[PDB]
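Engineer: After the structure tokens below, expect a handful of questions from me.
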Amino acid sequence: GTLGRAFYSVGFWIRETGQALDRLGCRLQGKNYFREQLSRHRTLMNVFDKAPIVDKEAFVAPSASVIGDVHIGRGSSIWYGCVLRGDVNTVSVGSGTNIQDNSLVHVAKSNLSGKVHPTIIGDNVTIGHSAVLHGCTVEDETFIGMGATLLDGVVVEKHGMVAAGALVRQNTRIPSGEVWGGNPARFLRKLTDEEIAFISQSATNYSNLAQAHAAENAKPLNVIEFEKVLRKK
Amino acid sequence: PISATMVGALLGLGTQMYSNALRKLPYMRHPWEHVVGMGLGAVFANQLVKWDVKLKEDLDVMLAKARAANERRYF
Amino acid sequence: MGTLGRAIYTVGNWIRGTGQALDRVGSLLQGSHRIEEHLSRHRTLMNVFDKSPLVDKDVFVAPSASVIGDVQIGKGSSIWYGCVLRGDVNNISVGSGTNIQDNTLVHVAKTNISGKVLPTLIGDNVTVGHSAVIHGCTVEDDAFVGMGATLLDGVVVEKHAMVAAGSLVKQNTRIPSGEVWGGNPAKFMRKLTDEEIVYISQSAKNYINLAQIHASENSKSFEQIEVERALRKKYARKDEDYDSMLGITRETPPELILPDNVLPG
Amino acid sequence: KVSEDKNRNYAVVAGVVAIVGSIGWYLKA
Ligand SMILES: C/C=C/C(=O)SCCNC(=O)CCNC(=O)[C@H](O)C(C)(C)COP(=O)(O)OP(=O)(O)OC[C@H]1O[C@@H](n2cnc3c(N)ncnc32)[C@H](O)[C@@H]1OP(=O)(O)O
Ligand SMILES: [Zn+2]
């Protein structure tokens, strides 16, 4: 709360002073390594006491951005280039759910247009590449087409499908077993059983793929690349 | 109470914050400078008080001489 | 050097220790809530399933790009900031002199729903616009995919064909030569004028030239970055009047001069 | 192990001398 925020602010003053002192000490020794422009990107970023809570069996790509109060469950996966920003409200991701590359899952930045809705992503959900989820609920075992946009208030009922490139307008409800698509999103047809099987099997295949990518990313950083970057001329 | 030291320290801290704000920097950017400004403001306020006291004494001596020179007229 | 050198070095050690201890104390006062910034773990090129990307000598890969798995990129191509080329379940092939612009996603499929699953093929001299998404489709040579456009699995963009910016090209759709398609869903719009064909070729060549300056900048070392930062500050403004009084002519150092092929003229 | 820039070291000595001298100046007045 307020007292925690005051201690966080005063803490930053002590840290600023200490880091300045370290830079002084390095300057007296004739070192300029602190001037190097290194990336300050954090895979998990806190905004005061709103931090992400990520399950140990969840793959998160290092270049992904998870900011604020974000919950990722077991067996879930946040792929390369994704951004999840729950600060004004919360963002929760169920288990076994894949958020594909360059997807954006965020909440409204301001309450000017009313109260800010949280974003709820259910279980065994597939979110396609470069999809935009904005304060919407996406129930279990649903399919969000790649390049699609879901606006605040939207509900995608279980076994719902949003077609690739679709624009689901604000407060639209997508019923179960329906395929909606286009701009604005409109009912196209019903979901077949083969496609339901594909939904579940695709969520399972991506959990196995996430595991493989997590092992290759956790491999220790190669020293030879470091020495090559260091000794360049 | 309200000593010169406290007024000067507050003025110096306010001077460091004002400077940071005029430069669009966070109010508490470089806090050690806020400490330095507090000390310098305290010193300046105390020295101003002492200087004012001294000034009054010098003025009294000068005014005494002026009045003596003026009273010499009626001799 | 000398005794004074050693004494100042030792005092600097003490000051550094004090500074880091103060930083630790400040972290404790914050409640340990702030997540510490760490060394970068993002890998520009990565192996997966014993598949390594095959990238030519003269290819710009932005350090922020992700090239993963079984990816082949040919001579003069360029992968720009934020691009993700994930060849983990199938092959991705990029021809020569082809630009994949910022924040673009290129992915493959192991088994499509119906029909023969195919890898992702992008031909020579192809322009792919910003934030496009290419999924399990074929783009032939001298084609143009607009920015924000989306190609689904089984799509074939033919030679000298265009996909308009922001389009959604449905599965198995074939954009024939000489046409531009667009919209959601993508459909025929009009024929491509010859001037636009020349435009496509010029776009590919211009991006070949742009890739050179970006690649040169992104691969500089810390020392060269510092040297050029000092030089840039040195030559940011001028006093040609005082220079003429001194009788000297300050010349811009060559490391701050861009090649003429990227200049607007 | 050693700071090499001599002019930097002399400047450091001058700054320390100024600080200690200012402190002594206050302490003896
Ligand atoms: C060297 C550097 C190279 C680079 O980096 S460039 C790559 C990044 N730039 C781009 O991606 C943009 C390239 N240009 C285009 O995509 C462009 O649009 C395009 C190439 C379809 C063509 O755009 P035009 O300006 O030529 O529009 P037209 O008049 O020819 O088309 C008519 C029609 O198409 C529609 N309009 C046209 N363009 C588009 C689209 N795309 N979508 C949807 N709707 C459109 C519009 O409705 C128009 O009127 P209506 O019939 O009443 O609807
Ligand atoms: Zn994919």
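In chain A, numbers come from Swiss-Prot; the residues present are 2-234, in order.
Cβ from N, Cα, C; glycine included.
Relevant sequence annotations retrieved from Swiss-Prot are reproduced here:
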BINDING   A:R86, A:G87, A:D88, A:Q101, A:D102, A:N209  substrate binding site
BINDING   A:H107, A:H130, A:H135  Zn(2+) binding site
Engineer: In angstrom units, rounded to an integer, how far apart are the Cα atoms of A:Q101 (substrate binding site) and A:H130 (Zn(2+) binding site)?
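Structural biologist: Each residue's Cα considered, A:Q101 (substrate binding site) and A:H130 (Zn(2+) binding site) end up 5 Å apart.
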Engineer: For A:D88 (substrate binding site), which of these binding-site residues sit within 10 Å, Cα to Cα: A:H107, A:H130, A:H135?
Structural biologist: A:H107
Engineer: So if the criterion is CB under 8 Å to a CB of chain D, which of the binding-site residues A:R86, A:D88, A:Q101, A:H107, A:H135, A:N209 qualify?
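Structural biologist: In terms of proximity to chain D, the binding-site residues that count are none, since no Cβ is under 8 Å.
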Engineer: How big is the Cα-to-Cα gap, in Å, between A:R86 (substrate binding site) and A:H107 (Zn(2+) binding site)?
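Structural biologist: Cα-Cα distance, A:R86 (substrate binding site) to A:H107 (Zn(2+) binding site): 5 Å.
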Engineer: Rounded to a whole number, how many Å is the Cα of A:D102 (substrate binding site) away from the Cα of A:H135 (Zn(2+) binding site)?
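Structural biologist: If we compare the Cα positions of A:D102 (substrate binding site) and A:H135 (Zn(2+) binding site), the gap is 17 Å.
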Engineer: Among the binding-site residues listed here, A:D88, A:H107, A:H135, A:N209, whose Cβ has the fewest other Cβ atoms inside 10 Å?
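Structural biologist: Each of the binding-site residues A:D88, A:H107, A:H135, A:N209 was scored by Cβ atoms within 10 Å; lowest is A:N209.
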Engineer: Taking each of A:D88, A:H130, A:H135 in turn, which of these binding-site residues have a Cβ less than 8 Å away from a Cβ in chain C?
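Structural biologist: So the ones by chain C are A:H130.
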Engineer: Just the number: how many Å between the Cα atoms of A:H135 (Zn(2+) binding site) and A:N209 (substrate binding site)?
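Structural biologist: Roughly 28 Å, rounded to the nearest whole number.
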Engineer: What's the CA to CA span in angstrom from A:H130 (Zn(2+) binding site) over to A:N209 (substrate binding site)?
Structural biologist: 18
